[PDB]
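This report concerns only the one structure given below.
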Amino acid sequence: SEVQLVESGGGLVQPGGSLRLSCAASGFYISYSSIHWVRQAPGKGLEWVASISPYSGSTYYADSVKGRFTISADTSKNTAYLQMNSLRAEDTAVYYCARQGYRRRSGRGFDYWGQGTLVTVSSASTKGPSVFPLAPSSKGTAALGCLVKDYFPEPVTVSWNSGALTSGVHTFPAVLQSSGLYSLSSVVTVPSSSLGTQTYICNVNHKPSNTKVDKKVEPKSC
Amino acid sequence: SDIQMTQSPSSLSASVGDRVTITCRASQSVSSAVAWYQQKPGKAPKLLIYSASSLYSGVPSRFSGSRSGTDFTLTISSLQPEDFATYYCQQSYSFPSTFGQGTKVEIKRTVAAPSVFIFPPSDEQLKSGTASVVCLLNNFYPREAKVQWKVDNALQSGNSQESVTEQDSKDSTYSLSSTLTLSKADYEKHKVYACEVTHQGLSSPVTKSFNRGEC
RNA sequence: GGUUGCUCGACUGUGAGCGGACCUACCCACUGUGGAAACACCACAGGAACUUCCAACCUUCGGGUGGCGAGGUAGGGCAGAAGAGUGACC
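Residue numbers (the entry's author numbering), protein chains in the order written: chain A, 3 to 141, 146 to 228; chain B, 1 to 215.
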């Protein structure tokens, strides 16, 4: 089918500031369905936020956002919005858009979800990652990777060889440096023989800072 | 007042092909307005049951809801390894809506010892005055592991950070990446850097190590 | 003058277990289902039960038919009638 939901407007925002998440619908018209925002703080659970009911425009809010958020829909644009004002640290979350299914088909379930936009409420300023290479050992398989260090905010993305090398890759979840920044490292294992002849480049993208790094990972120089 | 959805257990380890039961207990009557969702890491939730018993379109028959008054149970007759996810019960009987706090499910496999590596800090990094030592523990299970950094046979404390991958649903295993970090100065005071792994699959604590400057 | 029939009729009534079902229009409501539909909007079905009733219709006068939101407004139906005529009778 074509039923799709695409959020945007999420990002890094200073405490107290404003943002206006959007949600494009694709394979259906939103005038006939209920539309809901659900959010998820990192590693926490789902949390319902707001919704607007078809045919009436009636709006309902989670109590934790009541009077700071406002949900609304533009029929012409087949789009649903969420103005968030007076944001605080704890609004930090992926904000998902959801279609409430057609009653005859899926009750009051939410049968299609967006990929979620990430909203990151802090005041500390953005910074891109220095990407350093994890050279494999000089000694039938050994492992090589990239160390993506001291960036902010989430997320980065690591691919290898422009996404051609997908097998065997582990890109570990960022952990929070006491420095306040994010570090993580990606690795991949390869059979030893390819070392001399196989170029190994990881591609590190950090959209918040507009930083793309490509780092070639070659063996021990000596 | 708000309807509370109080879902247990918080977490569930189970063998492939076991039966698993998750239960959610609505603090008020929510009729049959309860839906069950599967969410895998990094993905949006997917609908499974919606009228507390109605299997959504395309969800496999091994899932089923069942209501008993204010008690809702999602039931997997026999786990598949893909069924690794966090499951949330939702009530849409009243406004505001409400979700369960979620239940995390783990695959269970035979033991796999970790493949172990140790990485000494790049040259570009040591010019910038920082020095990270990385130790990898690849493709193992169960996630229970102990890593210990010894520098010059001195156990370190508080300067290492680790992170773990989720369960590779095909593999059913874990990877870990412990990272000792030191200023360039502290790194240049020692020769031997070593990573001491203790795992159930290893009959003896594996140490990978390197000396500073060996080419 | 009485007795009453006859016709106009101010007005009031439409009475709830030991006993209230007249009609129509609008409004205001309640419950369910359905409308791509948790509230709002619309459509449609329906006002606990046993009773009681025929203001309504049909009747072989045996009986049958159809009918309930004790809501608001209002135009009428049906019941008395204060009063006005007006006859027969004493």
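For each residue, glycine too, the CB sits at the ideal point set by N, CA and C.
Per DSSP, reduced to three states, the secondary structure at B/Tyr37 is strand.
With a threshold of 16 other beta carbon atoms within 10 Å, A/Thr172 falls short and is exposed. Ranked by Cα distance from B/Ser54, the options A/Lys129, A/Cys152 and A/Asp113 are led by A/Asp113.
Contact annotation for B/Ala44 against chain A: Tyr98, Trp115, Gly116, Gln117 and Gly118 [CB-CB distance below 7 Å, chain order].
DSSP places A/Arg107 inside the alpha helix (DSSP H), whose first and last residues are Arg105 to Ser108.
A Cβ-Cβ separation of about 10 Å leaves A/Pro214 out of contact with A/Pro131 under the 8 Å criterion. Judged by DSSP secondary structure, B/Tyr187 falls within the alpha helix (DSSP H) whose first and last residues are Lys184 to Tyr187.
The C-alpha of A/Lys218 lies about 41 Å from the C-alpha of B/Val16. CA-to-CA, the gap between B/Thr130 and B/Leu180 works out to about 11 Å. At a cut-off of 9 Å between beta carbons, B/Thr130 contacts chain A. Pairing A/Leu89 with A/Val121 gives a Cβ-Cβ distance under 9 Å. Measuring C-alpha to C-alpha distances from B/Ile118 to each of B/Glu124, B/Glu106 and B/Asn138 identifies B/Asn138 as the nearest. Of all alpha-carbon atoms in A/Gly18, A/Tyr57, A/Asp65 and A/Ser66, the one lying nearest the alpha-carbon of A/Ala75 is that of A/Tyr57. With fewer than 16 other Cβ atoms from the protein chains shown falling within 10 Å of its own Cβ, B/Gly213 counts as exposed.
Within 10 angstroms of the beta-carbon of A/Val5 lie fewer than 16 other beta-carbons, which makes it exposed. What B/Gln101 touches in chain A, judged by beta-carbon distance under 8 Å, is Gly47, going in chain order. Taking the beta carbon of B/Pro9 as reference, no residue of chain A falls within 9 Å; the closest one sits roughly 14 Å away.
Just measuring C-alpha positions, the residue of B/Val34, B/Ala44 and B/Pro41 sitting nearest B/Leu74 is B/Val34. At least one CB of chain B lies nearer than 9 Å to the CB of A/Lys155. Comparing alpha-carbon positions, the option among B/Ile107, B/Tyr56 and B/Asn153 lying closest to B/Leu79 turns out to be B/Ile107. By the Cβ criterion, the stretch 90–109 of chain B is in contact with the stretch 3–23 of chain B, since at least three pairs of Cβ atoms, one from each stretch, lie closer than 8 Å. Using a CB distance below 7 Å, the part of the stretch 151–173 of chain B facing chain A consists of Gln161, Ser163 and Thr165, ordered along the chain. Residue pairing from DSSP places B/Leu137 in a beta bridge opposite B/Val116 and B/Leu176.
The bridge partners DSSP lists for B/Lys191 come to none. Close partners of A/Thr195 in chain B (Cβ separation under 7 Å): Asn138. Here DSSP, grouped into helix, strand and coil, assigns A/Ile32 to helix. Taking the CA atoms as reference points, B/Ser77 sits about 11 Å from B/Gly65.
For B/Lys46, the uninterrupted beta strand (DSSP E) run begins and ends at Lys46 to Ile49, by DSSP. Just so you know, the alpha carbons of A/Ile73 and B/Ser122 end up roughly 49 Å apart.
Per DSSP, the continuous alpha helix (DSSP H) segment holding B/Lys127 begins and ends at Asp123 to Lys127.
Inter-residue distance for A/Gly103 and B/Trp149 is about 53 Å (C-alpha atoms, whole angstroms). The Cβ of B/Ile49 sits closer than 9 Å to at least one Cβ of chain A. In this structure, DSSP gives A/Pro197 an extended state, which the three-state scheme calls strand.
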